Amino acid sequence: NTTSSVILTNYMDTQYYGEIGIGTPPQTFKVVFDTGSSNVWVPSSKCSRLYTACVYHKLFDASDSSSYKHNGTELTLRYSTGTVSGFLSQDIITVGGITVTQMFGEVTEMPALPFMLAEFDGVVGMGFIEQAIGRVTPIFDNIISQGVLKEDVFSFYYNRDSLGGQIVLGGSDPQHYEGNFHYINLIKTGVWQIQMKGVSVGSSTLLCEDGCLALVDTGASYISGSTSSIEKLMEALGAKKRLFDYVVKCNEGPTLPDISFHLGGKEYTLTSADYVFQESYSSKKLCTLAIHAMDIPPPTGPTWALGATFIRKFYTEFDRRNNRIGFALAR
Amino acid sequence: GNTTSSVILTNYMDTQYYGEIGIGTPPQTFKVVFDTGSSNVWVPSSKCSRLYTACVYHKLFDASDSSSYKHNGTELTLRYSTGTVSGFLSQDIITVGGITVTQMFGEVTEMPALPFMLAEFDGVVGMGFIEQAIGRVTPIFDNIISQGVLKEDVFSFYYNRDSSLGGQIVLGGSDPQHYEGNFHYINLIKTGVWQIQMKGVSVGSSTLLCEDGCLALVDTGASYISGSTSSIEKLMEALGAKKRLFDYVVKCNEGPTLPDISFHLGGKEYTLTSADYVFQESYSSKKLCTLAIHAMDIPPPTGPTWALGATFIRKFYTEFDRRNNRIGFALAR
Ligand SMILES: CCCCNC(=O)[C@H](C)C[C@H](O)[C@@H](N)C[C@H](CNC(=O)c1ccccc1OCCCOC)C(C)C
Ligand SMILES: CCCCNC(=O)[C@H](C)C[C@H](O)[C@@H](N)C[C@H](CNC(=O)c1ccccc1OCCCOC)C(C)C
């Protein structure tokens, strides 16, 4: 019976990473926990000094984990934000309390933009075996294997910028949501994607009636749409593009409509407050939105994806055993 | 025997963790610190001259309202690492969460404003052993233990990342809703004090410091992790932080990059990443955020020691096991 709770760090509301320890003795890295992919990886005490990205991070030393059993496979993880390439090996990862012996990637090649913007070191994928590049069996399907935690559900709390945020493997941590869940169902097992039958703005449904797809990605900073969805949405908030990104001007952020994401029956609404990055109400300044365009490519893509922005407002729970997702007001 | 009481605590800015005791019949309630570095109990006294303006700003024990107060009057002076208080003895019934003890305590009559003008708590409930209690005033935990009440002769401290309950002490056990993983116990070097042998602090990668060994008192009534000036400043050299008089300070936009500090308590490696020890009020180029580790030299009564205060208890649930004279740490949640 377990609830293993991993406490997270909220770095500027653009990224929340918590920590695993790998090896015996454990070597701890800060990692993001990603429901949009399935492979666990950390940098290697091997990663080329010329990837400022290796240099900078923390690096796994395969020769200090007594328990380490190498394997070899050149792994190539193409992520929607950049592609890392390393080689596969085995050790003991400690998650919270739990201890799983898990094959992971040792990243060797690591392309600086963006993993040097990564304030973290690696990713644990809470995704599916079906997404796992090279059928390496993911940590949750594997922790599940040993049968220790008490429900195979795991949930995410992301806090506003303090606690920071937590993952609870085994159930929900009830102090951080209010009311009871209402679940939405996976379209097909293999992805934590669900169906939005619309995105409204204030009142009027603007797009995505005759619904479009929703990836629920905990390893994502924002709400994302296709360039042109996001276009029409910005176009309606009044928000305008500055150079990179869209802004609105701070004193007017109170004015903006709500977006409402109609997920299966219910409506998950977000106010200006939840999506405008409000460093003041100054009349004299521009304030960024936390909704962003990002083209996800088509295995998985092209899809809208609900990352941190959504999850700060709604506690999410990933009900692995019923292949569905729950949401409740987070607090 | 069998009982567990739990005291609840209020967390003021991860710096002050105070709970509340009731002394007297009727009870005068006082906000106090449950301190494992000292072993006397004291509260400000009605007789404190209000020229000490800490006594103007605190709540005082007016002993002519307790029907139970038993005079005793021996003066004692309490010399803490941060400042000294002086006063005399008294006896009355203190309540420490449900449990009731008659207890000899100090009525403090001279309370120097620095640093107690700065303290949200009114007094101290020393949780140490009798070998460090000034004047042998048999410590509150030995009194509850002679009462035959508790399920186990242990107390546990849970200090919470501030922001709903601030923390919780359990008397007689350990609450497994605030720890995960298994306990890890480190034995005491001597009986008399909650101090354990520690070998090597690691900044980032290599055992930078306390290589061969040094002591670590695990003091719940202290906000920071302390180390000897002669040793912290080298740790501080490495982290590259600045001295600003009483604390250390780093340019705020560095914080979230500063290398993990690791502690080697008795056979495992307890580790703080840079959230754990950095008071991130900003991510600016300007603004200096404060590191929550700073130097301070505990005097050689209790050796010169590293003191592991609320920055470590905040991550590892601590069970002070008096019964086997050892301290166990586990993960907090
Ligand atoms: C198996 C190959 C992946 C297939 N699936 C995908 O690519 C999904 C569309 C999305 C994918 O999971 C995506 N979440 C990956 C993320 C993206 N991370 C970054 O690119 C990243 C780098 C620097 C700074 C921030 C970044 O995002 C962190 C967001 C997490 O904080 C909540 C991983 C690497 C932590
Ligand atoms: C029995 C006499 C032995 C004295 N020995 C010692 O001085 C010990 C080594 C340290 C001692 O435990 C020390 N921690 C005492 C504490 C320290 N507190 C303060 O100095 C202090 C003053 C103002 C504001 C806060 C302070 O710290 C409280 C921190 C507790 O919150 C976790 C007392 C005065 C409440």
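Numbers and lists here come from the model and the stated rules, or from a named source; nothing here is a laboratory result. Neighbour counts run over all protein chains shown; Cβ positions are idealised from the backbone, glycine included.
Before moving on, here are some points about what is shown:
- Only one of the listed residues (B:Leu208, B:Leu217, B:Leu235) is assigned by CATH to the domain that holds B:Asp297, closer than 25 Å to B:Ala295 by Cβ and in contact with a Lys or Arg (Cβ under 8 Å, 6 or more places away or on another chain). That residue is B:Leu208.
- So B:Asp162, is it acidic (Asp, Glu) and within 14 Å of another protein chain (Cβ to nearest Cβ): yes
- Of the set (1) among the hydroxyl-bearing types (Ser, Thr, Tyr); (2) in a loop (DSSP other than H, G, I, E, B); (3) closer than 19 Å to B:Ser38 by Cα, all apply to B:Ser164 but (3).
- Qualifying residue in the range A:233-250 (condition: of a type outside the set (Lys, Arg) and touching a helix residue (DSSP H, G or I) at 6+ places or on another chain (Cβ under 7 Å)): yes
- Filtering the range B:17-39 to residues that are of a type in the set (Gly, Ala, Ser) and surrounded by 24 or more Cβ atoms within 10 Å (Cβ to Cβ) leaves B:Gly37, B:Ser38, B:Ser39.
- Residues of the range A:13-33 that turn out to be facing chain B (nearest Cβ under 9 Å) and under 18 Å from A:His57 (Cβ atoms), as a count: 5
- Search result, residues across the range B:310-328 that are part of a strand (DSSP E or B) and either surrounded by fewer than 20 Cβ atoms within 10 Å (Cβ to Cβ) or assigned by CATH to the domain that holds B:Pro139 (or both): B:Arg326
- Screening the candidates B:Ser45, B:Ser67 for the property of being away from chain A (no Cβ under 14 Å), of a type in the set (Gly, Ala, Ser), more than 10 Å from ligand 2 (Cβ to nearest atom) and surrounded by fewer than 16 Cβ atoms within 10 Å (Cβ to Cβ) yields one hit, B:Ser67.
- Residue match in the range B:143-158 (condition: surrounded by 19 or more Cβ atoms within 10 Å (Cβ to Cβ) and under 27 Å from B:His71 (Cα atoms)): yes
- Test: residue in the range A:176-184 that is among the small types (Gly, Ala, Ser), surrounded by fewer than 20 Cβ atoms within 10 Å (Cβ to Cβ) and not in a strand (DSSP E or B): no
Here is a yes/no grid of residues against (1) farther than 21 Å from A:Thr35 by Cβ; (2) surrounded by 18 or more Cβ atoms within 10 Å (Cβ to Cβ); (3) within 13 Å of chain B (Cβ to nearest Cβ):
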site: A:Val55; (1), (2), (3): yes, no, yes
site: A:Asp61; (1), (2), (3): yes, no, yes
site: A:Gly86; (1), (2), (3): yes, yes, no
site: A:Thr108; (1), (2), (3): yes, yes, no
site: A:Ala118; (1), (2), (3): no, yes, yes
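- Which numbered condition B:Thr191 misses (of (1) more than 14 Å from chain A (Cβ to nearest Cβ); (2) polar (S, T, N, Q); (3) in contact with a strand residue (DSSP E or B) (Cβ under 8 Å, 6 or more places away or on another chain)): (3)
- Criterion violated by A:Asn39 - all others in (1) more than 10 Å from chain B (Cβ to nearest Cβ); (2) not in a loop (DSSP other than H, G, I, E, B) satisfied: (2)
- Screening A:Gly125 against (1) out of contact with any helix residue (DSSP H, G or I) (no Cβ under 6 Å at 6 or more places or on another chain); (2) closer than 19 Å to A:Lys69 by Cα leaves a single unmet condition, (2).
- Contact map, the range B:69-91: first residue within 16 Å of B:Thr138 (Cα to Cα), second residue among the polar types (S, T, N, Q) and outside any strand (DSSP E or B), Cβ cut-off under 7 Å, separation 6 or more or different chains; pairs are B:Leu78/B:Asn40.
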